[PDB]
Amino acid sequence: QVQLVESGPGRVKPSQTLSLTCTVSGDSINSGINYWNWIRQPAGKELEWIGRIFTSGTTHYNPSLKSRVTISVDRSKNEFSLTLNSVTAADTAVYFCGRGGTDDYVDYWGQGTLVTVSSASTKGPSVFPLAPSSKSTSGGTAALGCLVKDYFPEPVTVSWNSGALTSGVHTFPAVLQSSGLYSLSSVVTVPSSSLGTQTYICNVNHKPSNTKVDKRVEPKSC
Amino acid sequence: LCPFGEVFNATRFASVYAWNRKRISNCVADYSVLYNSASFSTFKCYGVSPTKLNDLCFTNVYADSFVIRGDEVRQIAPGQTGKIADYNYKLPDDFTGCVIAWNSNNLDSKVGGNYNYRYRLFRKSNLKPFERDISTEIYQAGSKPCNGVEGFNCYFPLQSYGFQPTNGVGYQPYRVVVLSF
Amino acid sequence: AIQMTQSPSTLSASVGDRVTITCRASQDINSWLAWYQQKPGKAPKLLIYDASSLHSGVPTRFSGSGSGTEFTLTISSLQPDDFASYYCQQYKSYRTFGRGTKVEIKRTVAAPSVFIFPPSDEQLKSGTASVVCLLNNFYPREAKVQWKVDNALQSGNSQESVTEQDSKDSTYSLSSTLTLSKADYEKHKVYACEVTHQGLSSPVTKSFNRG
Ligand SMILES: *[C@@H]1O[C@H](CO)[C@@H](O)[C@H](O)[C@H]1NC(C)=O
């Protein structure tokens, strides 16, 4: 079957030109009746069709992006790529490529790549403990966690006790603060009777900055 | 009952180069009830009378459906020449059937242009009757080989009708159904 | 452009129910519609095209109907694999998508466990205080988190985050983070988040005094 893989820099700067390439394997780009598409999906929003390229080179664009979008084909490498210039912060989204046997829908899709648009460059996160207190204990169950604050770009990965603790873990989706930096919190509910006998360590990993932090969360009596 | 409704009332039609064909047998055919609507802008039978179908028993009925331009509907007849008759769909000289075409500007025309419908523009020879050519090989109109890439003397063999609702009746899409008895 | 209005926004269902999702076009699109399914984090999957034609490999419990301006995707017997989001795309004039419909797992009303975390001393040394309010394992998703600082209602300095529905107990978790400067944090004593939810007869308030 047709397999499509997206590649490109995920940290383009504003007003620059975003470029992404889709590697087509299993089927040819310059033969048959195929419509090689680009579709983007902002976080928490619906899909938006960018444009298409037919196997003959003819392109068709979403009218809203027609003036900024150019989709080309590299027939030697059997790839097709998308260029979006004058990029603003509203172009941050997950970009899929896809094949379609018609100029109507898309039946094959790629895994999708994340492209972030911001002026703030890469920054590692600061990990702060969410200590379990009397106010953070309801009955025999206590709540503790870690605050992964002020990092860029997405994503971070949080595990507890190097993966030995998974039950009751709630890692919340990050929120884009007004400072252009992402913040995230990961919590876990544990029995109250273990707050001094069991060690709880959140393992924060932010590969875009090569940051690895192990934060030990201990209770706070006050 | 014969599934003539599926052929005529199909939501999507085929391109003329890859024309659909549906074999129809072993059923009761409402022949005289096919031409009860005034929607058909072209109804031409060759070799059979459209009124004498209800009293005729046939072994097979082949329904060939596709979409072409309005000015090219005149080519869907025996002994015709052009681009649709020579490179896309060819009827034999002793053709025994009926050609039914109607304007479909509502469905097969889109504001930004409907590019799903295509026709074969280049071919080294004419088609034999009822031959379907669906190859997308780069046409070498000239000396140097093409190696699968278009350039000088190398062209893509399938052009698309830019179907828009603003086009004249001679360039609007027409859905054709060729019944062969 | 043609605008696709999809209804309902969110939909609660149980395994085996009959799910109906409607899509409405701003103008006549004939039968040129498509239906996609998308699970969080993965690529969309094509279900229906031409409004009623099933894509190859799609289970037969999916069915598409409607033409003109009204379209309906119907799932006869819902299954755990079908809990995802569904989009309708027209292709009458270019390609426009609807905002989508989420099919969630229905369960009994569950009240949230409310926790509150003052800012750590390590963060306060940086000059910023982040107060975290946690709502644990509730249903339905609708919940209000009201911040109160010295009994003054706060708004404009807090952000929320909701987890996807847990695939086991079908509950949601919410994390609301209040952010002040260290100087502003030391201007007040009482910090509280007041939680209102269907499973709570009266709003629950967790609070601490700075110190
Ligand atoms: C197509 O459907 C209509 C009803 O919507 C029917 O009247 C007509 O006869 C059908 N077409 C044919 C060729 O029977």
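Against the definition (hydrophobic (A, V, I, L, M, F, W, C) and over 27 Å from B:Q164 (Cβ atoms)), how does C:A1 come out, yes or no? Full working, then the answer.
Working: hydrophobic (A, V, I, L, M, F, W, C): yes; over 27 Å from B:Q164 (Cβ atoms): no.
When the stated conditions are applied, C:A1 does not pass them.
Return yes or no: is A:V106 surrounded by fewer than 21 Cβ atoms within 10 Å (Cβ to Cβ), touching a strand residue (DSSP E or B) at 6+ places or on another chain (Cβ under 6 Å) and not acidic (D, E)? I'd like the intermediate steps shown before the answer.
Working: surrounded by fewer than 21 Cβ atoms within 10 Å (Cβ to Cβ): no; touching a strand residue (DSSP E or B) at 6+ places or on another chain (Cβ under 6 Å): yes; not acidic (D, E): yes.
Here the answer is no, as A:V106 does not meet what is asked.
What are the pairs with Cβ atoms under 8 angstrom where one residue, in region C:114-143, is among the polar types (S, T, N, Q) and the other, located anywhere, is surrounded by 18 or more Cβ atoms within 10 Å (Cβ to Cβ) and in a helix (DSSP H, G or I)? Sequence gap at least six, or different chains.
Correct list of pairs: C:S130/C:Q123.
Among the residues of region B:1-10 satisfying the criterion of being touching a residue at least 40 places away in the same chain (Cβ under 8 Å) and within 9 Å of the ligand (Cβ to nearest atom), which is farthest from B:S135 (Cα to Cα)?
Residues of region B:1-10 touching a residue at least 40 places away in the same chain (Cβ under 8 Å): B:2, B:4, B:7-8, B:10.
Keeping just the survivors that are within 9 Å of the ligand (Cβ to nearest atom) gives B:4, B:7-8.
Working: B:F4: 29, B:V7: 25, B:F8: 27 Å.
Among those residues, the one meeting the criterion is B:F4.
Would you say C:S7 is touching a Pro at 6+ places or on another chain (Cβ under 9 Å), surrounded by fewer than 18 Cβ atoms within 10 Å (Cβ to Cβ) and among the small types (G, A, S)? If you could, list the steps in order and put the result at the bottom.
Values: touching a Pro at 6+ places or on another chain (Cβ under 9 Å): no; surrounded by fewer than 18 Cβ atoms within 10 Å (Cβ to Cβ): yes; among the small types (G, A, S): yes.
No; evaluated as a whole, the condition is false for this residue.
Quick one: which residue in A:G110, A:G139, A:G26, A:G98 is more than 9 Å from chain C (Cβ to nearest Cβ) and either in contact with a helix residue (DSSP H, G or I) (Cβ under 7 Å, 6 or more places away or on another chain) or of a type outside the set (D, E, K, R) (or both)? It would help to see each step written out before you state the result.
On the way: A:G110 fails: more than 9 Å from chain C (Cβ to nearest Cβ); A:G139 fails: more than 9 Å from chain C (Cβ to nearest Cβ); A:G98 fails: more than 9 Å from chain C (Cβ to nearest Cβ).
On inspection, the qualifying residue turns out to be A:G26.
Being closer than 16 Å to C:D17 by Cα and aromatic (F, W, Y) is the filter here, so list the residues in region C:48-75 that pass it.
C:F62
Applying the selection to region A:192-215, what residues are in contact (Cβ under 8 Å) with a residue 12 or more places away in the chain and in a strand (DSSP E or B)?
A:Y200, A:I201, A:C202, A:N203, A:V204, A:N205, A:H206, A:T211, A:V213, A:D214, A:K215
Take the residues in region C:157-190 that are more than 21 Å from the chain's Cα centre (by Cα) and facing chain A (nearest Cβ under 10 Å); name whichever of them is surrounded by the most Cβ atoms within 10 Å (Cβ to Cβ).
Among residues in region C:157-190 that are more than 21 Å from the chain's Cα centre (by Cα) and facing chain A (nearest Cβ under 10 Å), the one surrounded by the most Cβ atoms within 10 Å (Cβ to Cβ) is C:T179.
Would you tally the residues in region C:8-52 being within 14 Å of chain A (Cβ to nearest Cβ) and of a type in the set (G, A, S)?
The qualifying residues number 7.
Conditions first: (1) without any contact (Cβ under 8 Å) to a residue 24 or more places away in the chain; (2) within 16 Å of the ligand (Cβ to nearest atom); (3) within 20 Å of B:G170 (Cα to Cα). B:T81 passes all but one, so which condition is the exception?
Tallying (1) without any contact (Cβ under 8 Å) to a residue 24 or more places away in the chain; (2) within 16 Å of the ligand (Cβ to nearest atom); (3) within 20 Å of B:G170 (Cα to Cα), B:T81 fails exactly one: (2).
Across region A:110-134, what is the total count of residues that are in a strand (DSSP E or B) and out of contact with any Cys (no Cβ under 8 Å at 6 or more places or on another chain)?
Residues of region A:110-134 in a strand (DSSP E or B): A:113-117, A:123, A:126-130.
Still in the running and out of contact with any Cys (no Cβ under 8 Å at 6 or more places or on another chain): A:113-117, A:123, A:126.
Summing the residues that are in a strand (DSSP E or B) and out of contact with any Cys (no Cβ under 8 Å at 6 or more places or on another chain) in region A:110-134 gives 7.
If you scan region B:114-123, which residues turn out to be more than 14 Å from chain C (Cβ to nearest Cβ), within 15 Å of B:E72 (Cβ to Cβ) and in a loop (DSSP other than H, G, I, E, B)? Walk me through it before giving the result.
We begin by selecting, within region B:114-123, every residue more than 14 Å from chain C (Cβ to nearest Cβ); these are B:118-123.
Right, trim to within 15 Å of B:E72 (Cβ to Cβ) and you get B:118-121.
Passing the criteria: only B:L121.
Please go through region B:11-57 and give me each residue that is aliphatic (A, V, I, L, M), within 16 Å of the ligand (Cβ to nearest atom) and surrounded by 16 or more Cβ atoms within 10 Å (Cβ to Cβ), ordered by number. Break it down into steps so the answer makes sense when it comes.
Just the residues of region B:11-57 that are aliphatic (A, V, I, L, M), to begin with: B:14, B:16, B:18, B:24, B:28-29, B:33-34, B:38, B:48, B:53, B:56.
Filter once more, so that each one left must be within 16 Å of the ligand (Cβ to nearest atom): B:24, B:28-29, B:33-34, B:38, B:53.
B:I24, B:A29, B:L34, B:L53, listed by residue number.
Report whether or not C:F138 is at the interface with chain A (Cβ under 10 Å from one of its Cβ atoms) and part of a strand (DSSP E or B).
Working: at the interface with chain A (Cβ under 10 Å from one of its Cβ atoms): no; part of a strand (DSSP E or B): yes.
So C:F138 fails the test.
If only one of C:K144, C:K92, C:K102 is more than 30 Å from C:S31 (Cβ to Cβ) and either not small (G, A, S) or not in a loop (DSSP other than H, G, I, E, B) (or both), which one is it? Give the derivation first.
Values: C:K92 fails: more than 30 Å from C:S31 (Cβ to Cβ); C:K102 fails: more than 30 Å from C:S31 (Cβ to Cβ).
Within the list C:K144, C:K92, C:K102, the selection yields C:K144.
For the structure I just gave you, tell me whether C:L73 is within 29 Å of A:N37 (Cβ to Cβ), outside any loop (DSSP other than H, G, I, E, B) and more than 12 Å from every other protein chain (Cβ to nearest Cβ). Working first, answer last.
On the way: within 29 Å of A:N37 (Cβ to Cβ): yes; outside any loop (DSSP other than H, G, I, E, B): yes; more than 12 Å from every other protein chain (Cβ to nearest Cβ): yes.
Considered against the rule, which asks whether it is within 29 Å of A:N37 (Cβ to Cβ), outside any loop (DSSP other than H, G, I, E, B) and more than 12 Å from every other protein chain (Cβ to nearest Cβ), C:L73 comes out as yes.
Could you check how many residues of region C:91-114 are more than 14 Å from the chain's Cα centre (by Cα) and not hydrophobic (A, V, I, L, M, F, W, C)? Step through it out loud before you land on a result.
As a first pass, look at region C:91-114 and keep what is more than 14 Å from the chain's Cα centre (by Cα): C:91-98, C:107-114.
Now drop any that are not not hydrophobic (A, V, I, L, M, F, W, C), which leaves C:91-96, C:98, C:107-108, C:112-113.
Residues in region C:91-114 being more than 14 Å from the chain's Cα centre (by Cα) and not hydrophobic (A, V, I, L, M, F, W, C): 11 in total.
With among the aliphatic types (A, V, I, L, M) and within 10 Å of another protein chain (Cβ to nearest Cβ) as the only criterion, which of B:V111, B:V99 stands out?
Working: B:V99 fails: within 10 Å of another protein chain (Cβ to nearest Cβ).
Checking each option against the conditions leaves just B:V111.
Just to verify a result, which residue in region C:195-211, among those that are part of a strand (DSSP E or B) and more than 14 Å from chain A (Cβ to nearest Cβ), is surrounded by the most Cβ atoms within 10 Å (Cβ to Cβ)?
Of all residues in region C:195-211, those part of a strand (DSSP E or B) come to C:195-197, C:204-209.
Okay, now just the ones that are also more than 14 Å from chain A (Cβ to nearest Cβ), so C:196-197.
On the way: C:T196: 14, C:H197: 23.
Filtering first and then ranking leaves C:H197.
If you take the residues of region A:48-68 that are more than 27 Å from B:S15 (Cβ to Cβ) and touching a strand residue (DSSP E or B) at 6+ places or on another chain (Cβ under 7 Å), which of them is nearest to the other protein chains (Cβ to nearest Cβ)?
As a first pass, look at region A:48-68 and keep what is more than 27 Å from B:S15 (Cβ to Cβ): A:48, A:64-65, A:67-68.
If we keep only those that are touching a strand residue (DSSP E or B) at 6+ places or on another chain (Cβ under 7 Å) too, we end up with A:48, A:65, A:68.
Numbers: A:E48: 7, A:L65: 11, A:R68: 16 Å.
My answer is A:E48.
Helices (runs of 4 or more DSSP H) wholly in region B:1-113 with at least 2 residues that are under 11 Å from B:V178 (Cα atoms) and in contact with a strand residue (DSSP E or B) (Cβ under 8 Å, 6 or more places away or on another chain) - which ones?
Helices (runs of 4 or more DSSP H) meeting the threshold: B:4-8.
Do the conditions hold for B:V177, that is, is it under 19 Å from the mean Cα position of the chain (by Cα) and not in a loop (DSSP other than H, G, I, E, B)?
Working: under 19 Å from the mean Cα position of the chain (by Cα): yes; not in a loop (DSSP other than H, G, I, E, B): yes.
Spelling it out, B:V177 is indeed under 19 Å from the mean Cα position of the chain (by Cα) and not in a loop (DSSP other than H, G, I, E, B).
Determine whether region C:59-66 contains at least one residue that is within 14 Å of chain A (Cβ to nearest Cβ) and closer than 30 Å to C:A1 by Cα. Explain how you work it out, then say what you get.
Our first condition is that a residue be within 14 Å of chain A (Cβ to nearest Cβ); within region C:59-66, this holds for C:64.
Those still in the list that are closer than 30 Å to C:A1 by Cα too: C:64.
Within region C:59-66 (the criterion being within 14 Å of chain A (Cβ to nearest Cβ) and closer than 30 Å to C:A1 by Cα), the answer is yes, since at least one residue qualifies.
Going through C:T96, C:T60, C:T69 one at a time, which residue ends up being within 19 Å of B:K110 (Cα to Cα) and surrounded by fewer than 18 Cβ atoms within 10 Å (Cβ to Cβ)? Steps first, please.
Working: C:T96 fails: surrounded by fewer than 18 Cβ atoms within 10 Å (Cβ to Cβ); C:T60 fails: within 19 Å of B:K110 (Cα to Cα).
C:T69 is the lone residue from the list that is within 19 Å of B:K110 (Cα to Cα) and surrounded by fewer than 18 Cβ atoms within 10 Å (Cβ to Cβ).
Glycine gets a Cβ as well: all are built from the backbone with ideal geometry, and neighbour counts include every protein chain shown. Read-outs throughout are calculated quantities, based only on the coordinates presented, and are distinct from any laboratory measurement.
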